[PDB]
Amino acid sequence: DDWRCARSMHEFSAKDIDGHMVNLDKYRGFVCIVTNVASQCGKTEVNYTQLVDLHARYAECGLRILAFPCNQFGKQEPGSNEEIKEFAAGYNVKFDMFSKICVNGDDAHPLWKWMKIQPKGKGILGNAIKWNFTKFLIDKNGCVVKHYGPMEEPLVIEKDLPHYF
């Protein structure tokens, strides 16, 4: 069953930033923000601080956040998985960091390929992530229900969370 016929985020797996495989069904029944992150982006500060703050206030409601380092946007994630992990702790990050992946191209991680063709019939424009700090919102069934681009500060998502909690 190739990634194209997948029906949920819960059918995918990903290496977390320490190196352990994570079956993403671990997030069944939670509301997730899946984002591709970077450490040297003009939008680094605003995304990391607001992502942390959303998780602080909404973790107790079911919000989980999956952060995927990716170096495909102006080489703004050049560091190792270990440097990236320490950087993220400088933001007091308590959500779930994953190892660096690609989000575009034929070598993109299968989850990010499948997210870019959601919801069925539309999918993201040009089949490509446009820059760092794209944010997908995943409902408690692992479906993509909304997408927020690199321009959108994460706190823009706050108003939409309660529809899915």
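In case it trips you up, residue 1 is the first one in the sequence shown, and so on.
Which is higher in the entry, the mean Cα B factor of 33 to 41 or that of 123 to 131?
Looking at the recorded C-alpha B-factors, 123 to 131 comes out higher on average.
Using only modelled residues of the chain, where does the Cα B factor of residue 145 rank: lowest third, middle third or highest third?
Ranked within chain, residue 145 CA B lands in the lowest tercile.
Considering every modelled residue of the chain and its Cα B-factor in the PDB entry, is residue 69 in the lowest, middle or highest third?
For residue 69, the deposited C-alpha B-factor lands in the lowest third.
Check where residue 117 lands among this chain's C-alpha B-factors and tell me if it's the lowest, middle or highest third.
Residue 117: CA B-factor falls in the middle third of its chain.
Residue 97's Cα B-factor: lowest, middle or highest third of the chain?
According to the entry, residue 97 has a C-alpha B-factor in the chain's lowest third.
Using the B-factor values recorded in the entry, state whether the Cα atom of residue 138 falls in the lowest, middle or highest third among the modelled residues of its chain.
It belongs to the lowest third of the chain when residues are ordered by C-alpha B-factor.
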